[PDB]
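The residues making up each chain are set out below.
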Amino acid sequence: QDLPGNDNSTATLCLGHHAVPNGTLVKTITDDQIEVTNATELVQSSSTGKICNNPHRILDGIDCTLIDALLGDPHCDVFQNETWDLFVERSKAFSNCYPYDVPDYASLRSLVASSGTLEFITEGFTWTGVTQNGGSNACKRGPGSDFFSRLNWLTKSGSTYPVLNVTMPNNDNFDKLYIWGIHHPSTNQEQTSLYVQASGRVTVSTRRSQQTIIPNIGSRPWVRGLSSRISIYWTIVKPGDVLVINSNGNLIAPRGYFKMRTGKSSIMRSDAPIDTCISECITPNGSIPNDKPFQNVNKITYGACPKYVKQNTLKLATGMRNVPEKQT
Amino acid sequence: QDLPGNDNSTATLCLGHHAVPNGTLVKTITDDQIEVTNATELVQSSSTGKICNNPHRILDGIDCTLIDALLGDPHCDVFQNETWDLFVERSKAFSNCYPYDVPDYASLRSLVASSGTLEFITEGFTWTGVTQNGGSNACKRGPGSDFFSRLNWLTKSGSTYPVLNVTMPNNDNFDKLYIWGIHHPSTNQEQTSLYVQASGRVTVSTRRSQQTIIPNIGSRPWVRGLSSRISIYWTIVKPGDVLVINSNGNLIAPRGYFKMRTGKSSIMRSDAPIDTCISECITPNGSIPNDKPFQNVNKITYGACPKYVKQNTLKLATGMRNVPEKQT
Amino acid sequence: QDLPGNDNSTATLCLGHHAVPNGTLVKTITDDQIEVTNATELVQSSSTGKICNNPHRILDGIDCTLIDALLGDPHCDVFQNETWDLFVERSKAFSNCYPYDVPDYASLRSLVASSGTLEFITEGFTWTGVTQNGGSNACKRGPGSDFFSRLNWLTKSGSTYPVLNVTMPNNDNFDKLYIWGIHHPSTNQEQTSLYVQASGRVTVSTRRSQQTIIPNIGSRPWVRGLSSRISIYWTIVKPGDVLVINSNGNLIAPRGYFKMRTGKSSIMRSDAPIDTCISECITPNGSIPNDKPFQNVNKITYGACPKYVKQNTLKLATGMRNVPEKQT
Amino acid sequence: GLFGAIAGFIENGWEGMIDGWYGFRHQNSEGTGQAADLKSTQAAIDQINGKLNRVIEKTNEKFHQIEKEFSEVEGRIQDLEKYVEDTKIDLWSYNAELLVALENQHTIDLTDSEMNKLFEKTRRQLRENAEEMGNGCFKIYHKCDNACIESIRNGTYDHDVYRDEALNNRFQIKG
Amino acid sequence: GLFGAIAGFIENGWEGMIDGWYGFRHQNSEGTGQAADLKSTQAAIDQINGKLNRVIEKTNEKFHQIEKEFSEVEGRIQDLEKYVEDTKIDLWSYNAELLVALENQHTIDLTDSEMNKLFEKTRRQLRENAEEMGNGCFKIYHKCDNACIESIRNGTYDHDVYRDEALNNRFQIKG
Amino acid sequence: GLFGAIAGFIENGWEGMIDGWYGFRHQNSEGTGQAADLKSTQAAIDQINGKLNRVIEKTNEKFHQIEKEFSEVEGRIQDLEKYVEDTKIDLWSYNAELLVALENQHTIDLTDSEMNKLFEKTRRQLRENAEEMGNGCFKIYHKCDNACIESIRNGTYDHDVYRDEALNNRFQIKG
Ligand SMILES: *[C@@H]1O[C@H](CO)[C@@H](O[C@@H]2O[C@H](CO)[C@@H](O[C@@H]3O[C@H](CO)[C@@H](O)[C@H](O)[C@@H]3O)[C@H](O)[C@H]2NC(C)=O)[C@H](O)[C@H]1NC(C)=O
Ligand SMILES: *[C@@H]1O[C@H](CO)[C@@H](O[C@@H]2O[C@H](CO)[C@@H](O[C@@H]3O[C@H](CO)[C@@H](O)[C@H](O)[C@@H]3O)[C@H](O)[C@H]2NC(C)=O)[C@H](O)[C@H]1NC(C)=O
Ligand SMILES: *[C@@H]1O[C@H](CO)[C@@H](O[C@@H]2O[C@H](CO)[C@@H](O[C@@H]3O[C@H](CO)[C@@H](O)[C@H](O)[C@@H]3O)[C@H](O)[C@H]2NC(C)=O)[C@H](O)[C@H]1NC(C)=O
Ligand SMILES: *[C@@H]1O[C@H](CO)[C@@H](O)[C@H](O)[C@H]1NC(C)=O
Ligand SMILES: *[C@@H]1O[C@H](CO)[C@@H](O)[C@H](O)[C@H]1NC(C)=O
Ligand SMILES: *[C@@H]1O[C@H](CO)[C@@H](O)[C@H](O)[C@H]1NC(C)=O
Ligand SMILES: *[C@@H]1O[C@H](CO)[C@@H](O)[C@H](O)[C@H]1NC(C)=O
Ligand SMILES: *[C@@H]1O[C@H](CO)[C@@H](O)[C@H](O)[C@H]1NC(C)=O
Ligand SMILES: *[C@@H]1O[C@H](CO)[C@@H](O)[C@H](O)[C@H]1NC(C)=O
Ligand SMILES: *[C@@H]1O[C@H](CO)[C@@H](O)[C@H](O)[C@H]1NC(C)=O
Ligand SMILES: *[C@@H]1O[C@H](CO)[C@@H](O)[C@H](O)[C@H]1NC(C)=O
Ligand SMILES: *[C@@H]1O[C@H](CO)[C@@H](O)[C@H](O)[C@H]1NC(C)=O
Ligand SMILES: *[C@@H]1O[C@H](CO)[C@@H](O)[C@H](O)[C@H]1NC(C)=O
Ligand SMILES: *[C@@H]1O[C@H](CO)[C@@H](O)[C@H](O)[C@H]1NC(C)=O
Ligand SMILES: *[C@@H]1O[C@H](CO)[C@@H](O)[C@H](O)[C@H]1NC(C)=O
């Protein structure tokens, strides 16, 4: 196309790719250490050590268990009607009222923790022929012998204790959680002093269920001066149903209901400090960022969190193979 | 090879691939919307809304629960000796006989639902010194006060309820399911009227297990005119073993045994209409085809079904990349 | 460079790859039978049929169940204070002492199997006012009517069974497992003969829990001449806590504690022969090698084992495609 | 994709090709025309059907399982029932999502591969008689009538028949 | 990797190239020098960001689950609680381990691919005017000043302009 | 596979090659011969061993778990025990089945790749002295005795040594 040139020479063009002096090792299908230009970590492995108080509602239990907060141990009166996305239980929490035990504590702790509200409604129960508001020296509310704020210990009036038979309809349109109990005396003398009948009985029922507990007399280990115990039980009464409480002794009666709800609330045991910051993912070790797909901090998590994995490092190569000249 | 030609010219040959004007977007490892020539859906997301009655044996419970069908509530007498691959329980099912409760209802419902047969065999129990065939006004069978067809309420005769002690060997070569119960009276007056002893007791045992239930006296909410309850219990007696029923009051005796079997039967709660068609996969929302590997209709399934997945669409590219001449 | 060559000729160089006459079929993403040069099996599917006694400590139960070994059935006195990584229970094991039942047998079998030690410590319980060391004709230890070596049957002294109320602190720094029980008599005659009170009671408690069991009188099926039963219960007492046993009848008292520990021990039902060899992975069908990633021998495993999978063969192509020129 | 033929050195597809997936288009002294290639179309189609059938393979059937809907609040055992099923579902959803992703990625490189393989096969056949124009078209340097074009397409083209003609006006020094 | 350009026919990388991932280094009449290629650098970078974002996609959030630490010995239900979580964890760990393995393998072949594609694209453009030296360098057989080198790099090189010059001292019989 | 060398442009394998996986056969002035190529054979073998070891990596060990066989009918808790294990098993079986499928697919493309890479490496070395016959064989256009064949195979072939001879009877216009 052009005319015969008076010159004659060639040129050289070489293609190639970069390389870095640093370079990261990464696993592959065929090799488990191959060096690439760059990589990114996919396992989050460190927490700040603080539970950020945002965006979830953290409620620090301080030295109260959720069940004690619920029952109304004097020292937990603060939590009355409180609410939470995450209730944090502290290892140093302690109870300090009448010694109780909860048969299937673990489910009661779950279903309260899960509805996330301790809102209580006093209902007008009328106990005729017994003495209300009994309390004790092991549950001092202030400078006074008292009891759990949400329960009503009932004893004899004058000489006798009648067959309590009371009813309370659920005429609302939400379920009602009722918490009640039974008193197990240490001695038959204690039994008769308080309840006259030598053998008490509590039957709590609705249209679709019933529970009859008989008390158990006997000495248990002394805790807070007492060898008696109360055991705690719970009844959910659905809208349109009826609670009927029937007893001829040892009843620790309910003062009304906790209302239940459905939500994203839970409970977590952690001694981590709550701090003011925003993090979506909470671990008992404090919050962790959730940019990476996987985490190795802790298998217990609440909120938008990375998937817990056994591995502590998992590098995704985000660059070609590093094949340097002279190395560094 | 051949000789010098007079014409001299070239030709052009171009290779290429088709493209379509329509084209579907699909996810990839590196892109999440890339357009391909064609794709196919792998998530089944719609049901006909009807449970096809083939090939599995669907038994519609109509207005009976499987436990009521089992116990023999008058209105469920239809299901007597019935059989199923899938028992469908309807939301409008209702009970209509003596008020009962089943401690661990959920396992009884499971193991009956699972053996898939309600075949009952009457055995010759001989109750001496009590009145058989007691019945009630809340369980009217026809124009008559009656009771569960498979249970035998026993009351005193005269002023004696003896200590029932009866035995019934399993001399067959299959397990026998026995269903029995206990009557919890509302008042001590009711207790003594029926059973004389102020405190009844039921102990049901075999060579390898025992159950002793004591009744519980107290008023419960009125349902069908009654505040008493019966609680239902079950005993499986293996071949070569012996049932021994021993009681001095409140026994609701068995009339014989349901026979158990092992099979592919289950139970499903669904208000879907059963229709005549053939589909292998059943969902509470009706049957679904099982051509696709995954489904998003419902996590409850019975039969050959696609794996439930959270996703509602998952397109498998079944064609090359669509790179059209003009655009899409 | 060189000088002209009078010859003028070409050469042919062909590249290629081997092929084998044998060749294995393998699955692919696009084909499910494609033939490759060589492949390797990744599913282990056969056992030797013997449980190798190395490296884990296998303890053959011979004809004793772990619970009988624990309770101290005469014929299991061998296992006293024994220890294991894997306790093997044999299908031919049998019990031969007083007829007992364990409410939640399955958890007791688990938590003993899991601590892997039957080390027992006798503690000085002092039962005042009752007769110790009761035994029976159905639990003959040697030429003598005896009982479970680790339990102490108590009957009245002369004319009264007092209210036993005893305590035993955990002053050590490890948990103590205590196993105790209650005797359910066949007749009220038997009840009063042994325990005087017409209704016994056992309450066993610590600072954080309690159990009250009431016995159950009634005839059960005759096993080893007896229609009575004892039921077994268990209490773990943590360091610093206190056991308190309180009863006015039917107590089958503990003789001290089993000490618990945390380890890698378990239990396995297998009739496989133990043999002297070393294998890390144990299956009820005997040991299996753990070179392959997956196994199809059995879903029950103990030790370093391949992952159980449904498939029985899964070939990994470890060679190119086999394209033979002739074939064979 | 990995080979750079489709949506690469071949600028775009042909909406006009309705008789096959890959194919040929030509210009000779007789005229123009196109024709689908059926062997590469089948190779691509079979592979895609192969992966498709394997995905659509046996449904596992399950009968009595655990309950998955509850109407009462129970606590611990029901919490475990809901957790077992929720972790099963998230594990199967992860699986279906990674599956179509790997699968789709491979279908786009597999069809890119078949395009490039036809290209290379045609390239090898034309030997010294044609040159790549770099856009998927060969310039054939000799007279190639429609039967000559058909022999390239049906794999029977004898390059020696035209090598001298080709080579001569290929290395045409004068311009 | 699969194509054999990177760590293959291209003996090594250039620590000196700080302006892009792939590129050209020329020697010619008007001196010598290098220049990064930005289109292949972007193709490689976009694809890697694409897989990266998909991996970093939505975290699932969970609220009330089962307990995962116990302070009392309970037996059967607790054994099942520990088993459900331990088998969940081992299944997710397997997943994260296979994911980065497949992913990494594909990133190394994808970048090998882009290198080889630039190579082929340059090869096609130079037509009969250059020869492969087999180490990633073309020998251009005609005078190619820096503007000529720039036209190869920006894709506008007209091979016809130099074909006669090239062809002549390419088939220089005398030695 | 993806590259189309094995079971592609190379019609079939050689059952006769017992000394390596890939290799050369030739015909030259000095007679006929074949010889395995050891570098590509090692590249293919190492990669396959690499994936193999990773698959055969650490077995997880488990000790006390849940019971998996029951001899009594219990209902709800046992139903959950059977469900946790059945969903664990189906999830691991899916994993083992997808794993060998992906793995196998990649082993066949990886070995297809190594074949094609040897081919290309040989192609580049012969420069203008040989032509592809399209069946995996190069026609070398100059006298290449057994030492010349050995230098191609051991990578030391100097194409300049033969370029004039080659080029001359390569572009031999007369036929
Ligand atoms: C049944 O047996 C238990 C255990 O043997 C007896 O419990 C013990 O009862 C005494 C008497 O009240 C308790 O004493 C108190 O201890 C505190 C703390 O040391 C001390 O400050 C008081 O002044 C008083 O000494 C003792 O703590 C308690 N111990 C335990 C472990 O429970 C019980 O009294 C017996 N009951 C009958 C009715 O026989
Ligand atoms: C114990 O307390 C309960 C609840 O306070 C009492 O239950 C109620 O008893 C009355 C008397 O029979 C029932 O009345 C009947 O109600 C039905 C349905 O409305 C109606 O058809 C009858 O004409 C009559 O009114 C009432 O329904 C029942 N309510 C509930 C919620 O159970 C029970 O009687 C008390 N028992 C004793 C022995 O004190
Ligand atoms: C309550 O009912 C049960 C079952 O009807 C009675 O049990 C049976 O009692 C007899 C009398 O001791 C047992 O007889 C024994 O049989 C064995 C083996 O054949 C033999 O070696 C003994 O010497 C004696 O003959 C019989 O086995 C036993 N059967 C069962 C299934 O338990 C029980 O006696 C009744 N109790 C009362 C107080 O009414
Ligand atoms: C390494 O990759 C990550 C993720 O793509 C990116 O944020 C970072 O900038 C890269 N590093 C370099 C030096 O480019
Ligand atoms: C708790 O909330 C209820 C609902 O309004 C209210 O009536 C009650 O007095 C509150 N009690 C306290 C201590 O806040
Ligand atoms: C998180 O806390 C647990 C104990 O709750 C501890 O064992 C674990 O190592 C901690 N991990 C990190 C990264 O803090
Ligand atoms: C799209 O792919 C599916 C599955 O291979 C097939 O049934 C359908 O025919 C394809 N569509 C077209 C237009 O080819
Ligand atoms: C139920 O089946 C048994 C077994 O043959 C039979 O004896 C019994 O009479 C049947 N009852 C009814 C109502 O079908
Ligand atoms: C199936 O039914 C469930 C309720 O049982 C409902 O929430 C779901 O959306 C339904 N899905 C379809 C596709 O019908
Ligand atoms: C087949 O592959 C396995 C695993 O790589 C190896 O042990 C065996 O030697 C191979 N077989 C042959 C004939 O090379
Ligand atoms: C069991 O071990 C304890 C702890 O030393 C010991 O005191 C006891 O006597 C042992 N008993 C037997 C039968 O080995
Ligand atoms: C292992 O034993 C089980 C029964 O425990 C049996 O069903 C299974 O087939 C056996 N498998 C092998 C490979 O022995
Ligand atoms: C290929 O096409 C040519 C030209 O039309 C024809 O003569 C020849 O027979 C065809 N061969 C085959 C195998 O199709
Ligand atoms: C390419 O480079 C040449 C030589 O410098 C220049 O003249 C031309 O305009 C450039 N074209 C483009 C599209 O960059
Ligand atoms: C390659 O082969 C030639 C011809 O036999 C020989 O002289 C030369 O030394 C060999 N070089 C190497 C590196 O093997």
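*Asks:* What is the right way to read the interface of chain A and chain E from this model?
*Replies:* Listed as interface residues are 64 residues of chain A and, on the opposing side, 69 residues of chain E. Across the chain A to chain E interface the summed buried area is about 5900 Å²; carbon plus sulfur atoms make up 60%. The tally of links between chain A and chain E comes to 4 salt bridges. The residue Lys299 of chain A makes a salt bridge to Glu69 of chain E at a minimum N-O spacing of 3.2 Å. Where chain A touches chain E, the interface holds 31 residue pairs in polar contact.

*Asks:* Explain the environment of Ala93 of chain B to me, please; I cannot follow it from the model alone.
*Replies:* Residue and element names in this part refer to chain B. By secondary structure assignment, the location of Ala93 is in the loop between strand 8 (86-89) and strand 9 (100-101). According to the relative accessible area criterion, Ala93 is partly exposed, its value standing at 23%. For the pair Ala93 and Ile62, spaced 31 residues apart in sequence, the C-alpha to C-alpha distance is 6.8 Å. Filtering out sequence-adjacent residues up to four positions away, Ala93 remains in contact with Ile62, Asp63, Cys64 and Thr65.

*Asks:* When you look at the state of the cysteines in this model, what are you seeing that I'm missing?
*Replies:* Simply put, the disulfide is a covalent bond whose two ends are the sulfur atoms of two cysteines. All names here are of chain A. Considering all chains together, one arrives at 18 disulfides over all chains under this definition. Each disulfide pairs two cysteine sulfurs, and for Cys52 the partner residue is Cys277, the sulfurs being separated by 2.0 Å. The chirality of the disulfide connecting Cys52 with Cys277 is left-handed, given an S-S dihedral of about -100°. Here the residue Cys52 occupies a position in strand 6 (residues 51-52), and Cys277 occupies one in the loop between strand 24 (274-275) and strand 25 (281-283), the gap between them amounting to 225 residues.

*Asks:* What is the right way to look at the interface of chain C and chain D in this model?
*Replies:* Accessible area lost on assembly of the parts is the figure often given for the size of an interface. Facing the 6 residues of chain C at the interface are 7 residues of chain D. Both sides of the chain C and chain D interface together cover about 480 Å² of buried area, and 57% of this is carbon and sulfur. Of all residues in chain C, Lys27, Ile29 and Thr30 of chain C bury the most surface against chain D, accounting for 83% of the area lost on that side. Counting every contact that joins chain C to chain D gives 0 salt bridges. At the boundary of chain C and chain D, one finds 1 residue pair in polar contact. Per-class residue counts for the side of chain C that touches chain D are 1 nonpolar, 2 polar and 3 charged.

*Asks:* Would you mind showing me how to read the sheet that holds strand 29 (residues 307-308) of chain C here?
*Replies:* Pairing between the strands of a sheet is mediated by backbone hydrogen bonds and can be parallel or antiparallel. Residues and elements named next belong to chain C. Taken in spatial order, the 3 strands line up as 5-27-29 in an open sheet, and their pairing is parallel. Bordering the open sheet on either side are strand 5 (43-44) and strand 29, each of which pairs with just one other strand. Across 2 bridges, strand 5 lies against strand 27 (residues 294-295) in parallel orientation. Counterpart to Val43 in the pairing with strand 27 is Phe294.

*Asks:* Before we go on, may I ask you to explain helix 1 (residues 38-55) of chain E in this structure?
*Replies:* Residue pairs three or four apart in sequence face the same way in an α-helix, which turns once every 3.6 residues. All names here are of chain E. In this model, helix 1 (18 residues) spans 26 Å end to end at C-alpha, consistent with the 26 Å of a helix rising 1.5 Å per residue. Looking only at helix 1, the buried set comprises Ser40, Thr41, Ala44, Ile48, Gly50, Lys51, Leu52, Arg54 and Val55. Capping the start of helix 1, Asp37 holds a side-chain oxygen 3.0 Å from the backbone nitrogen of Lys39, two or three residues further along.

*Asks:* What exactly am I supposed to notice about the site of ligand 2 here?
*Replies:* In the neighbourhood of ligand 2, the contacting residues comprise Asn165 and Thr167 of chain A together with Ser219, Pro221 and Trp222 of chain B. With respect to ligand 2, its neighbouring residues span chains A and B. Here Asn165 of chain A contributes a side-chain N or O atom positioned 2.3 Å from an oxygen atom of ligand 2. Between a nitrogen atom of ligand 2 and a side-chain N or O atom of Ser219 of chain B, the distance comes to 3.4 Å. In isolation ligand 2 has 740 Å² of accessible area, and contact with the protein removes 41% of it.

*Asks:* I would appreciate a short explanation of the UniProt feature "disulfide bond" in chain D in the present structure.
*Replies:* Formation of the UniProt-listed bridge between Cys144 of chain D and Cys148 of chain D is supported by an S-S distance of 2.0 Å, under 2.5 Å. Assigned by exposure class, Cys144 of chain D and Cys148 of chain D land together as buried.

*Asks:* What is the right way to read the side chain of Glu123 of chain B from this model?
*Replies:* All names here are of chain B. If you trace the backbone, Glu123 turns up in the loop between strand 10 (120-122) and strand 11 (130-134). A distance of 2.7 Å separates a polar atom in the side chain of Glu123 from a polar atom in the side chain of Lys176. In contact with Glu123, not counting residues within four places along its chain, are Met168, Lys176, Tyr178, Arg255, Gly256 and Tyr257.

*Asks:* I keep staring at the packing of aromatic side chains and nothing clicks. Help me out?
*Replies:* Evaluated as defined, the whole model comprises 63 aromatic pairs over all chains. Between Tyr157 of chain D and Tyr162 of chain D the ring centres are 5.3 Å apart and the planes differ by 5°, which places this aromatic pair in the stacked class. The class for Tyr157 of chain D is buried, based on a relative accessible area of 7%. Taking the relative accessible area as the measure of exposure, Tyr162 of chain D reaches 18% and is therefore buried. An aromatic cluster of three or more residues is present, and its members are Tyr98, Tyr100, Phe147, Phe148 and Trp153 of chain A.

*Asks:* Is there a simple way to think about the nonpolar core in this case?
*Replies:* Considering soluble globular proteins, one finds that nonpolar side chains tend to be buried as a cluster. All names here are of chain A. Of all hydrophobic cores here, the largest spans 62 residues; its most connected members are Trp127 and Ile179. Ranked by residues supplied to this core, first place goes to strand 19 (residues 229-237) with 6 residues. Beyond its immediate chain neighbours, meaning those up to four positions away, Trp127 contacts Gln132, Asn152, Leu154, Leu164, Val166, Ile245, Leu251 and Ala253.

*Asks:* Could you clarify how one ought to interpret the environment of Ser228 of chain B in this entry?
*Replies:* All names here are of chain B. With respect to the helices and strands, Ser228 occurs in the loop between strand 18 (210-213) and strand 19 (229-237). Each C-alpha atom, one on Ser228 and one on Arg150, is 19 Å from the other, the two residues being 78 residues apart in sequence. Discounting residues that sit within four places of it in the chain, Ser228 has contacts with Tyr98, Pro99, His183, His184, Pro185, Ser186 and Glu190. Of note is the side chain of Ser228, whose polar atom sits 3.2 Å from the side chain of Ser186.

*Asks:* What is the right way to read the site of ligand 7 from this model?
*Replies:* Every residue lining ligand 7 is accounted for by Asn38 and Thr318 of chain B together with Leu52 of chain D. Residues lining ligand 7 come from chains B and D. A distance of 2.3 Å separates an oxygen atom of ligand 7 from a polar atom in the side chain of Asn38 of chain B. For ligand 7, the protein covers 35% of the area, taking 360 Å² as the surface of the free molecule.

*Asks:* Explain the pairing of strand 20 (residues 242-247) of chain A to me, please; I cannot follow it from the model alone.
*Replies:* Two faces belong to every sheet, and in a regular strand the side chains alternate between them. All names here are of chain A. Burial within strand 20 is extensive, with 6 of its 6 residues counted as buried. Residues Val242, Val244 and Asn246 of strand 20 are buried on one face, and the alternating residues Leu243, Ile245 and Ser247, pointing to the opposite face, are buried as well. By the bridge criterion, 6 bridges tie strand 15 (residues 164-169) to strand 20 in an arrangement that is antiparallel. The residue of strand 20 that forms the bridge with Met168 is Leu243. As defined by bridge partners, strand 17 (residues 202-205) adjoins strand 20 across 4 bridges and the pair is classed as antiparallel. Directly across from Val202, in strand 20, lies its bridge partner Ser247.

*Asks:* When you look at helix 2 (residues 76-126) of chain F in this model, what are you seeing that I'm missing?
*Replies:* Across its 51 residues, helix 2 of chain F extends 75 Å between first and last C-alpha, which sits within 8% of the 75 Å expected from 1.5 Å per residue. Two residues or fewer after helix 2 of chain F comes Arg127 of chain F, characterised by a positive phi angle close to 40°.

*Asks:* Help me out: how do you make sense of the packing of helix 2 (residues 76-126) of chain D against helix 2 of chain F in this one?
*Replies:* A pair of packed helices is characterised by two quantities: the angle between their axes and the separation of those axes. Between helix 2 of chain D and helix 2 of chain F, whose axes approach to 12 Å, the crossing angle comes to 15°. In this view, helix 2 of chain D runs roughly parallel relative to helix 2 of chain F, as classed from their interaxial angle. The way helix 2 of chain D lies across helix 2 of chain F gives a crossing that is left-handed. Here the residues of the contact of helix 2 of chain D with helix 2 of chain F sort into 16 nonpolar, 6 polar and 6 charged.

*Asks:* What's the story with the packing of helix 1 (residues 38-55) of chain F against helix 2 of chain F in this structure? I'm lost.
*Replies:* Residues and elements named next belong to chain F. Here helix 1 crosses helix 2 at 165°, and the two axes come no closer than 9 Å. Taken together, the axes of helix 1 and helix 2 are roughly antiparallel relative to one another. Remark: the crossing between helix 1 and helix 2 carries right-handed chirality. From helix 1, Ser40, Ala43, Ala44, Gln47, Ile48, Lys51 and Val55 reach across to helix 2, where they touch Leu99, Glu103, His106, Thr107, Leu110, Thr111, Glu114 and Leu118.

What counts, and at which threshold
Residue positions are given from 1 per chain in written sequence order; they need not agree with the entry numbering, and residues without coordinates are hidden. The naming scheme follows written order: chains are lettered A onward, ligands numbered 1 onward. Side-chain numbers here rest on the full set of heavy atoms in the structure, without hydrogens or water. For this analysis, residues touch if any pair of their heavy atoms sits within 4.5 Å. Values labelled buried area give the accessible surface lost by two parts on being combined, using a 1.4 Å probe and summing over both. Any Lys or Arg side-chain nitrogen found within 4 Å of a carboxyl oxygen on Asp or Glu counts as a salt bridge. Any pair of nitrogen or oxygen atoms within 3.5 Å is treated as a polar contact; in protein, a donor-acceptor pairing is required on top of that, and neighbouring residues in sequence qualify only through side-chain atoms on both sides. Under the scheme used here, helices are H or I runs from DSSP no shorter than 4 residues and strands are E runs no shorter than 2 residues, and both carry numbers assigned from the N terminus. Residue burial is assigned from relative accessible area. The probe radius is 1.4 Å, only protein chains are included, and a residue is buried under 20% of its type maximum, exposed over 50%, and partly exposed in between. Only a pair of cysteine sulfur atoms within 2.5 Å counts as a disulfide in this structure description. Only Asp, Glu, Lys and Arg are considered charged in this grouping, and only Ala, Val, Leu, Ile, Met, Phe, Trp, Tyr, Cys and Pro are considered nonpolar; every other residue, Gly among them, is considered polar. In short, DSSP must find at least two bridges between two strands for them to pair. The length a helix should cover is 1.5 Å for every residue beyond the first. Proximity is defined per residue: any heavy atom of the residue falling within 4 Å of a molecule or strand makes that residue near it. Here the accessible surface of atoms and residues is derived via Shrake-Rupley with a 1.4 Å probe, and residues count as covered only by protein chains that are part of the display. UniProt positions are given in the numbering used here, feature names are shortened, and annotations may be inferred rather than shown by experiment. The criterion for an aromatic pair is that two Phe, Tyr or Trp rings (for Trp, the six-membered ring) have centres within 6.5 Å, with stacked assigned to planes under 30 degrees apart, edge-to-face to planes over 60 apart and tilted to the rest. As used in this record, nonpolar core signifies buried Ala, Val, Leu, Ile, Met, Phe, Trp, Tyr and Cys residues forming a set joined through side-chain atoms within 4.5 Å. For helices, the fitted axis covers only the stretch in contact; all axes are lines through C-alpha atoms, and the angles between them, taken along N-to-C directions, range from 0 to 180 degrees. We call two directions roughly parallel when the angle between them is under 35 degrees, roughly antiparallel when it is over 145, roughly perpendicular when it lies between 65 and 115, and oblique otherwise. Crossing chirality is assigned from the near helix's rotation relative to the far helix, an anticlockwise turn below a right angle marking it left-handed and a clockwise turn marking it right-handed.

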